[PDB]
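File shown: entry-v3.pdb (PDB, N, CA and C atoms and all ligand atoms).
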```pdb
MODEL        1
ATOM      1  N   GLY A 126     -46.463 130.584 -52.278
ATOM      2  CA  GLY A 126     -47.727 130.632 -52.988
ATOM      3  C   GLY A 126     -48.021 129.347 -53.736
ATOM      4  N   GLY A 127     -47.309 128.283 -53.378
ATOM      5  CA  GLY A 127     -47.492 127.002 -54.011
ATOM      6  C   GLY A 127     -46.570 126.907 -55.219
ATOM      7  N   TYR A 128     -46.658 125.836 -55.932
ATOM      8  CA  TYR A 128     -45.726 125.501 -56.968
ATOM      9  C   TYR A 128     -46.510 125.251 -58.223
ATOM     10  N   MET A 129     -45.836 125.202 -59.357
ATOM     11  CA  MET A 129     -46.444 124.780 -60.605
ATOM     12  C   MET A 129     -46.526 123.268 -60.620
ATOM     13  N   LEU A 130     -47.647 122.731 -61.109
ATOM     14  CA  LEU A 130     -47.888 121.281 -61.163
ATOM     15  C   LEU A 130     -48.068 120.879 -62.596
ATOM     16  N   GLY A 131     -47.057 120.161 -63.141
ATOM     17  CA  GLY A 131     -46.986 119.716 -64.547
ATOM     18  C   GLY A 131     -48.052 118.713 -64.906
ATOM     19  N   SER A 132     -48.340 118.584 -66.205
ATOM     20  CA  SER A 132     -49.333 117.615 -66.629
ATOM     21  C   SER A 132     -48.814 116.195 -66.412
ATOM     22  N   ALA A 133     -49.745 115.285 -66.168
ATOM     23  CA  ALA A 133     -49.413 113.876 -66.009
ATOM     24  C   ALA A 133     -48.811 113.352 -67.306
ATOM     25  N   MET A 134     -47.816 112.491 -67.164
ATOM     26  CA  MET A 134     -47.180 111.807 -68.285
ATOM     27  C   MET A 134     -47.024 110.329 -67.968
ATOM     28  N   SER A 135     -46.791 109.540 -69.006
ATOM     29  CA  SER A 135     -46.465 108.140 -68.813
ATOM     30  C   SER A 135     -45.177 108.072 -68.028
ATOM     31  N   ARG A 136     -45.150 107.197 -67.018
ATOM     32  CA  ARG A 136     -43.938 107.028 -66.237
ATOM     33  C   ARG A 136     -42.851 106.534 -67.174
ATOM     34  N   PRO A 137     -41.676 107.164 -67.106
ATOM     35  CA  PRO A 137     -40.649 106.942 -68.084
ATOM     36  C   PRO A 137     -40.030 105.558 -68.071
ATOM     37  N   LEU A 138     -39.575 105.095 -69.216
ATOM     38  CA  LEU A 138     -38.798 103.892 -69.313
ATOM     39  C   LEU A 138     -37.376 104.188 -68.866
ATOM     40  N   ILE A 139     -36.874 103.466 -67.871
ATOM     41  CA  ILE A 139     -35.548 103.700 -67.307
ATOM     42  C   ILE A 139     -34.868 102.368 -67.125
ATOM     43  N   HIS A 140     -33.729 102.209 -67.743
ATOM     44  CA  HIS A 140     -32.891 101.043 -67.527
ATOM     45  C   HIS A 140     -31.962 101.355 -66.353
ATOM     46  N   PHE A 141     -32.350 100.895 -65.169
ATOM     47  CA  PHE A 141     -31.525 101.101 -64.007
ATOM     48  C   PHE A 141     -30.324 100.170 -64.110
ATOM     49  N   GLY A 142     -29.161 100.641 -63.717
ATOM     50  CA  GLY A 142     -27.976  99.810 -63.735
ATOM     51  C   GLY A 142     -27.936  98.724 -62.691
ATOM     52  N   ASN A 143     -28.531  98.983 -61.538
ATOM     53  CA  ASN A 143     -28.770  97.975 -60.527
ATOM     54  C   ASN A 143     -29.952  97.117 -60.925
ATOM     55  N   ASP A 144     -29.662  95.862 -61.223
ATOM     56  CA  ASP A 144     -30.666  94.955 -61.808
ATOM     57  C   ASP A 144     -31.881  94.815 -60.913
ATOM     58  N   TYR A 145     -31.693  94.675 -59.598
ATOM     59  CA  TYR A 145     -32.792  94.543 -58.705
ATOM     60  C   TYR A 145     -33.659  95.875 -58.766
ATOM     61  N   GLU A 146     -33.051  97.049 -58.769
ATOM     62  CA  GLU A 146     -33.809  98.267 -58.862
ATOM     63  C   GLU A 146     -34.574  98.295 -60.182
ATOM     64  N   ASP A 147     -33.935  97.863 -61.257
ATOM     65  CA  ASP A 147     -34.550  97.823 -62.579
ATOM     66  C   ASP A 147     -35.838  97.007 -62.531
ATOM     67  N   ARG A 148     -35.789  95.813 -61.936
ATOM     68  CA  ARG A 148     -36.974  94.979 -61.800
ATOM     69  C   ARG A 148     -38.033  95.597 -60.846
ATOM     70  N   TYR A 149     -37.552  96.200 -59.775
ATOM     71  CA  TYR A 149     -38.409  96.765 -58.760
ATOM     72  C   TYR A 149     -39.229  97.926 -59.319
ATOM     73  N   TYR A 150     -38.612  98.757 -60.150
ATOM     74  CA  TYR A 150     -39.317  99.858 -60.763
ATOM     75  C   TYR A 150     -40.499  99.334 -61.562
ATOM     76  N   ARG A 151     -40.270  98.295 -62.372
ATOM     77  CA  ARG A 151     -41.353  97.736 -63.157
ATOM     78  C   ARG A 151     -42.434  97.109 -62.305
ATOM     79  N   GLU A 152     -42.019  96.346 -61.298
ATOM     80  CA  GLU A 152     -42.974  95.645 -60.459
ATOM     81  C   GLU A 152     -43.891  96.632 -59.721
ATOM     82  N   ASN A 153     -43.308  97.750 -59.275
ATOM     83  CA  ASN A 153     -43.937  98.687 -58.379
ATOM     84  C   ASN A 153     -44.159 100.071 -58.966
ATOM     85  N   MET A 154     -44.149 100.168 -60.298
ATOM     86  CA  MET A 154     -44.140 101.416 -61.033
ATOM     87  C   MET A 154     -45.179 102.431 -60.571
ATOM     88  N   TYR A 155     -46.390 101.953 -60.275
ATOM     89  CA  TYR A 155     -47.465 102.893 -59.903
ATOM     90  C   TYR A 155     -47.258 103.559 -58.553
ATOM     91  N   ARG A 156     -46.273 103.128 -57.759
ATOM     92  CA  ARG A 156     -45.970 103.834 -56.534
ATOM     93  C   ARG A 156     -45.400 105.215 -56.745
ATOM     94  N   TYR A 157     -44.841 105.475 -57.922
ATOM     95  CA  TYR A 157     -44.049 106.651 -58.134
ATOM     96  C   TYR A 157     -44.894 107.724 -58.815
ATOM     97  N   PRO A 158     -44.475 108.988 -58.690
ATOM     98  CA  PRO A 158     -45.254 110.055 -59.316
ATOM     99  C   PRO A 158     -45.322 109.917 -60.824
ATOM    100  N   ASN A 159     -46.346 110.530 -61.424
ATOM    101  CA  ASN A 159     -46.405 110.688 -62.873
ATOM    102  C   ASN A 159     -46.592 112.140 -63.267
ATOM    103  N   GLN A 160     -46.197 113.047 -62.370
ATOM    104  CA  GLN A 160     -46.414 114.505 -62.503
ATOM    105  C   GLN A 160     -45.370 115.109 -61.572
ATOM    106  N   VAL A 161     -44.823 116.258 -61.954
ATOM    107  CA  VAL A 161     -43.883 116.955 -61.117
ATOM    108  C   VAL A 161     -44.396 118.303 -60.655
ATOM    109  N   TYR A 162     -43.866 118.737 -59.511
ATOM    110  CA  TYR A 162     -44.082 120.062 -58.957
ATOM    111  C   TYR A 162     -42.792 120.843 -59.067
ATOM    112  N   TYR A 163     -42.889 122.157 -59.330
ATOM    113  CA  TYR A 163     -41.670 122.934 -59.580
ATOM    114  C   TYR A 163     -41.931 124.400 -59.354
ATOM    115  N   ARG A 164     -40.865 125.185 -59.222
ATOM    116  CA  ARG A 164     -40.975 126.635 -59.339
ATOM    117  C   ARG A 164     -40.802 126.974 -60.808
ATOM    118  N   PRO A 165     -41.343 128.117 -61.255
ATOM    119  CA  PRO A 165     -41.379 128.452 -62.678
ATOM    120  C   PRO A 165     -39.997 128.482 -63.320
ATOM    121  N   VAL A 166     -39.933 128.036 -64.574
ATOM    122  CA  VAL A 166     -38.655 127.730 -65.220
ATOM    123  C   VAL A 166     -37.838 129.001 -65.374
ATOM    124  N   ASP A 167     -38.518 130.120 -65.602
ATOM    125  CA  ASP A 167     -37.825 131.387 -65.805
ATOM    126  C   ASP A 167     -37.189 131.897 -64.506
ATOM    127  N   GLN A 168     -37.332 131.158 -63.404
ATOM    128  CA  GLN A 168     -36.624 131.500 -62.174
ATOM    129  C   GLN A 168     -35.222 130.849 -62.094
ATOM    130  N   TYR A 169     -34.841 130.128 -63.146
ATOM    131  CA  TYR A 169     -33.576 129.388 -63.185
ATOM    132  C   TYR A 169     -32.771 129.748 -64.434
ATOM    133  N   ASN A 170     -31.445 129.701 -64.315
ATOM    134  CA  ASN A 170     -30.559 129.917 -65.457
ATOM    135  C   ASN A 170     -30.107 128.648 -66.150
ATOM    136  N   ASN A 171     -30.236 127.514 -65.480
ATOM    137  CA  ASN A 171     -29.784 126.260 -66.050
ATOM    138  C   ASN A 171     -30.660 125.117 -65.612
ATOM    139  N   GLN A 172     -30.614 124.058 -66.413
ATOM    140  CA  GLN A 172     -31.395 122.854 -66.153
ATOM    141  C   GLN A 172     -31.108 122.222 -64.799
ATOM    142  N   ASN A 173     -29.831 122.082 -64.441
ATOM    143  CA  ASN A 173     -29.461 121.308 -63.249
ATOM    144  C   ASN A 173     -30.091 121.901 -61.987
ATOM    145  N   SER A 174     -30.049 123.229 -61.868
ATOM    146  CA  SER A 174     -30.584 123.910 -60.691
ATOM    147  C   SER A 174     -32.082 123.714 -60.634
ATOM    148  N   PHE A 175     -32.734 123.827 -61.781
ATOM    149  CA  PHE A 175     -34.168 123.588 -61.848
ATOM    150  C   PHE A 175     -34.474 122.179 -61.368
ATOM    151  N   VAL A 176     -33.769 121.212 -61.938
ATOM    152  CA  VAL A 176     -34.075 119.820 -61.689
ATOM    153  C   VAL A 176     -33.861 119.460 -60.222
ATOM    154  N   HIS A 177     -32.794 119.992 -59.644
ATOM    155  CA  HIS A 177     -32.520 119.794 -58.248
ATOM    156  C   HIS A 177     -33.731 120.170 -57.382
ATOM    157  N   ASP A 178     -34.266 121.361 -57.598
ATOM    158  CA  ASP A 178     -35.428 121.828 -56.826
ATOM    159  C   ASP A 178     -36.696 121.037 -57.169
ATOM    160  N   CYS A 179     -36.889 120.776 -58.459
ATOM    161  CA  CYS A 179     -38.064 120.026 -58.921
ATOM    162  C   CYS A 179     -38.071 118.637 -58.255
ATOM    163  N   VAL A 180     -36.915 117.987 -58.187
ATOM    164  CA  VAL A 180     -36.838 116.670 -57.523
ATOM    165  C   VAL A 180     -37.181 116.799 -56.028
ATOM    166  N   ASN A 181     -36.585 117.759 -55.339
ATOM    167  CA  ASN A 181     -36.803 117.892 -53.915
ATOM    168  C   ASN A 181     -38.273 118.195 -53.604
ATOM    169  N   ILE A 182     -38.855 119.123 -54.363
ATOM    170  CA  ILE A 182     -40.235 119.518 -54.116
ATOM    171  C   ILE A 182     -41.186 118.371 -54.426
ATOM    172  N   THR A 183     -40.931 117.677 -55.530
ATOM    173  CA  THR A 183     -41.838 116.604 -55.942
ATOM    174  C   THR A 183     -41.749 115.431 -54.999
ATOM    175  N   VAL A 184     -40.553 115.023 -54.626
ATOM    176  CA  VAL A 184     -40.401 113.923 -53.680
ATOM    177  C   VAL A 184     -40.982 114.278 -52.304
ATOM    178  N   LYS A 185     -40.794 115.532 -51.861
ATOM    179  CA  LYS A 185     -41.375 115.970 -50.603
ATOM    180  C   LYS A 185     -42.879 115.792 -50.717
ATOM    181  N   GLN A 186     -43.503 116.315 -51.769
ATOM    182  CA  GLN A 186     -44.979 116.264 -51.901
ATOM    183  C   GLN A 186     -45.478 114.839 -51.910
ATOM    184  N   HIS A 187     -44.811 114.021 -52.705
ATOM    185  CA  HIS A 187     -45.266 112.657 -52.855
ATOM    186  C   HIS A 187     -45.140 111.841 -51.593
ATOM    187  N   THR A 188     -44.048 112.047 -50.872
ATOM    188  CA  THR A 188     -43.845 111.353 -49.614
ATOM    189  C   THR A 188     -44.830 111.827 -48.540
ATOM    190  N   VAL A 189     -45.089 113.123 -48.502
ATOM    191  CA  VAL A 189     -46.046 113.647 -47.541
ATOM    192  C   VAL A 189     -47.460 113.132 -47.818
ATOM    193  N   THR A 190     -47.883 113.140 -49.078
ATOM    194  CA  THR A 190     -49.213 112.612 -49.446
ATOM    195  C   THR A 190     -49.368 111.143 -49.096
ATOM    196  N   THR A 191     -48.307 110.386 -49.300
ATOM    197  CA  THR A 191     -48.318 108.993 -49.007
ATOM    198  C   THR A 191     -48.353 108.707 -47.517
ATOM    199  N   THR A 192     -47.511 109.407 -46.757
ATOM    200  CA  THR A 192     -47.423 109.076 -45.328
ATOM    201  C   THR A 192     -48.716 109.379 -44.589
ATOM    202  N   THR A 193     -49.405 110.429 -45.008
ATOM    203  CA  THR A 193     -50.605 110.816 -44.294
ATOM    204  C   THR A 193     -51.791 109.899 -44.547
ATOM    205  N   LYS A 194     -51.653 109.027 -45.537
ATOM    206  CA  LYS A 194     -52.640 108.013 -45.855
ATOM    207  C   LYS A 194     -52.335 106.691 -45.152
ATOM    208  N   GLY A 195     -51.265 106.670 -44.363
ATOM    209  CA  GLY A 195     -50.840 105.491 -43.636
ATOM    210  C   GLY A 195     -50.066 104.498 -44.459
ATOM    211  N   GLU A 196     -49.574 104.951 -45.604
ATOM    212  CA  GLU A 196     -48.766 104.126 -46.488
ATOM    213  C   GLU A 196     -47.290 104.462 -46.308
ATOM    214  N   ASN A 197     -46.416 103.678 -46.928
ATOM    215  CA  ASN A 197     -44.994 103.780 -46.740
ATOM    216  C   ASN A 197     -44.239 103.529 -48.010
ATOM    217  N   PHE A 198     -43.080 104.150 -48.103
ATOM    218  CA  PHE A 198     -42.054 103.838 -49.110
ATOM    219  C   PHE A 198     -40.879 103.125 -48.464
ATOM    220  N   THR A 199     -40.322 102.175 -49.200
ATOM    221  CA  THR A 199     -39.102 101.510 -48.824
ATOM    222  C   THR A 199     -37.877 102.338 -49.239
ATOM    223  N   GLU A 200     -36.707 101.968 -48.751
ATOM    224  CA  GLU A 200     -35.472 102.582 -49.199
ATOM    225  C   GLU A 200     -35.274 102.429 -50.716
ATOM    226  N   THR A 201     -35.653 101.263 -51.237
ATOM    227  CA  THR A 201     -35.569 101.033 -52.659
ATOM    228  C   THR A 201     -36.529 101.994 -53.387
ATOM    229  N   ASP A 202     -37.761 102.110 -52.897
ATOM    230  CA  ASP A 202     -38.737 103.056 -53.488
ATOM    231  C   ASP A 202     -38.140 104.462 -53.573
ATOM    232  N   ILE A 203     -37.461 104.928 -52.519
ATOM    233  CA  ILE A 203     -36.954 106.288 -52.540
ATOM    234  C   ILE A 203     -35.881 106.466 -53.633
ATOM    235  N   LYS A 204     -34.991 105.481 -53.769
ATOM    236  CA  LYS A 204     -33.946 105.536 -54.769
ATOM    237  C   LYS A 204     -34.563 105.600 -56.183
ATOM    238  N   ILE A 205     -35.553 104.757 -56.413
ATOM    239  CA  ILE A 205     -36.218 104.716 -57.716
ATOM    240  C   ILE A 205     -36.988 106.005 -57.946
ATOM    241  N   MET A 206     -37.740 106.447 -56.945
ATOM    242  CA  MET A 206     -38.515 107.664 -57.069
ATOM    243  C   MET A 206     -37.663 108.863 -57.449
ATOM    244  N   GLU A 207     -36.504 108.995 -56.828
ATOM    245  CA  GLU A 207     -35.651 110.126 -57.129
ATOM    246  C   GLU A 207     -35.215 110.114 -58.584
ATOM    247  N   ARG A 208     -34.870 108.946 -59.117
ATOM    248  CA  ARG A 208     -34.475 108.827 -60.518
ATOM    249  C   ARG A 208     -35.630 109.101 -61.496
ATOM    250  N   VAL A 209     -36.798 108.547 -61.186
ATOM    251  CA  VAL A 209     -37.996 108.725 -62.000
ATOM    252  C   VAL A 209     -38.334 110.209 -62.073
ATOM    253  N   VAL A 210     -38.353 110.841 -60.906
ATOM    254  CA  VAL A 210     -38.697 112.242 -60.813
ATOM    255  C   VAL A 210     -37.644 113.083 -61.503
ATOM    256  N   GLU A 211     -36.366 112.740 -61.385
ATOM    257  CA  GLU A 211     -35.330 113.506 -62.089
ATOM    258  C   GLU A 211     -35.622 113.493 -63.579
ATOM    259  N   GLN A 212     -35.951 112.324 -64.144
ATOM    260  CA  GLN A 212     -36.208 112.236 -65.574
ATOM    261  C   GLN A 212     -37.408 113.072 -65.988
ATOM    262  N   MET A 213     -38.472 113.010 -65.210
ATOM    263  CA  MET A 213     -39.650 113.796 -65.520
ATOM    264  C   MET A 213     -39.391 115.299 -65.368
ATOM    265  N   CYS A 214     -38.596 115.691 -64.385
ATOM    266  CA  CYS A 214     -38.207 117.090 -64.214
ATOM    267  C   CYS A 214     -37.373 117.616 -65.393
ATOM    268  N   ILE A 215     -36.470 116.784 -65.895
ATOM    269  CA  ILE A 215     -35.708 117.124 -67.096
ATOM    270  C   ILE A 215     -36.657 117.310 -68.258
ATOM    271  N   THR A 216     -37.600 116.382 -68.426
ATOM    272  CA  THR A 216     -38.580 116.468 -69.494
ATOM    273  C   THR A 216     -39.381 117.777 -69.362
ATOM    274  N   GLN A 217     -39.800 118.079 -68.134
ATOM    275  CA  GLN A 217     -40.642 119.245 -67.886
ATOM    276  C   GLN A 217     -39.867 120.525 -68.237
ATOM    277  N   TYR A 218     -38.610 120.615 -67.810
ATOM    278  CA  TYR A 218     -37.729 121.750 -68.127
ATOM    279  C   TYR A 218     -37.534 121.969 -69.618
ATOM    280  N   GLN A 219     -37.313 120.881 -70.338
ATOM    281  CA  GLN A 219     -37.075 120.977 -71.772
ATOM    282  C   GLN A 219     -38.354 121.321 -72.524
ATOM    283  N   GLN A 220     -39.481 120.862 -72.007
ATOM    284  CA  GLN A 220     -40.807 121.086 -72.613
ATOM    285  C   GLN A 220     -41.244 122.535 -72.347
ATOM    286  N   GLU A 221     -41.154 122.916 -71.058
ATOM    287  CA  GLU A 221     -41.700 124.216 -70.657
ATOM    288  C   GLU A 221     -40.802 125.382 -71.049
ATOM    289  N   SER A 222     -39.515 125.117 -71.235
ATOM    290  CA  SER A 222     -38.645 126.088 -71.896
ATOM    291  C   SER A 222     -38.784 125.997 -73.416
TER     292      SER A 222
HETATM  293 CL    CL A 301     -47.697 105.298 -66.151
HETATM  294 NA    NA A 302     -26.415  95.616 -63.237
HETATM  295 NA    NA A 303     -44.957 106.644 -44.158
ENDMDL
END
```
Final structure tokens representation of the file:
Amino acid sequence: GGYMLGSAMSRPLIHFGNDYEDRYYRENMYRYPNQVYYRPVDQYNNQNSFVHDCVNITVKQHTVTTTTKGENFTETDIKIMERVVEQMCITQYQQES
């Protein structure tokens, strides 16, 4: 029946340990989501399980929306996107709980 779609937020500040990824996130920040998709929080007993699904669903949605427009993500984009989305999913879980 579809998923819950969180409110847009400022893309998070993340100090990536890989220096090149750290720079790449800043250079290309607008490529990544600023909103997450999820199943309702009360369907989970813990944060980690929620976040796991929230990351998978959000990355799936974002990649599908992008590919159908004839655009592409790099391998670096995917690594950064997963981290960005994980942080926003954690935020969403803590906020919505
Ligand atoms: Cl932003
Ligand atoms: Na480093
Ligand atoms: Na594509």
Would you translate the PyMOL selection byres (((chain A and resi 153-165) around 6.5) and not hetatm) into the concrete set of residues it matches in this file, as a list in words? residues 128, 129, 130, 131, 132, 133, 134, 135, 136, 148, 149, 150, 151, 152, 166, 167, 168, 169, 178, 179, 182, 183, 206, 213 and 214 of chain A
Using all atoms listed in the file, which residues of the polymer chains come no farther than 6.5 Å from ligand NA 303 (chain A)? I'd like the answer as a ChimeraX atom specification. /A:191-193,195-198
Counting all atoms listed in the file, what are the residues, protein, DNA or RNA alike, that approach ligand NA 302 (chain A) to within 5 Å? I want them as a PDB file with N, CA and C atoms, keeping the file's coordinate frame.
```
ATOM      1  N   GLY A 142     -29.161 100.641 -63.717  1.00  0.00           N
ATOM      2  CA  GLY A 142     -27.976  99.810 -63.735  1.00  0.00           C
ATOM      3  C   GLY A 142     -27.936  98.724 -62.691  1.00  0.00           C
ATOM      4  N   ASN A 143     -28.531  98.983 -61.538  1.00  0.00           N
ATOM      5  CA  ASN A 143     -28.770  97.975 -60.527  1.00  0.00           C
ATOM      6  C   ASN A 143     -29.952  97.117 -60.925  1.00  0.00           C
ATOM      7  N   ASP A 144     -29.662  95.862 -61.223  1.00  0.00           N
ATOM      8  CA  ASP A 144     -30.666  94.955 -61.808  1.00  0.00           C
ATOM      9  C   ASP A 144     -31.881  94.815 -60.913  1.00  0.00           C
TER      10      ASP A 144
END
```
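With distances taken over only C-alpha atoms and all ligand atoms, A:138 is the one residue among A:138, A:219, A:188, A:145 lying closest to ligand CL 301 (chain A).
Residue-level DSSP output for chain A, from the backbone, shows strand (DSSP E or B) at residues 129, 130, 162 and 163 of chain A.
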Give the answer as one residue: which of A:212, A:217, A:187, A:201 has the shortest atom-to-atom distance to residue 146 in chain A, using all atoms listed in the file? A:201
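For the pair atom C of residue 203 in chain A and atom N of residue 189 in chain A, the separation is 12.5 Å.
With distances restricted to all atoms listed in the file, A:137 is the closest residue to ligand CL 301 (chain A) from A:137, A:220, A:205, A:177.
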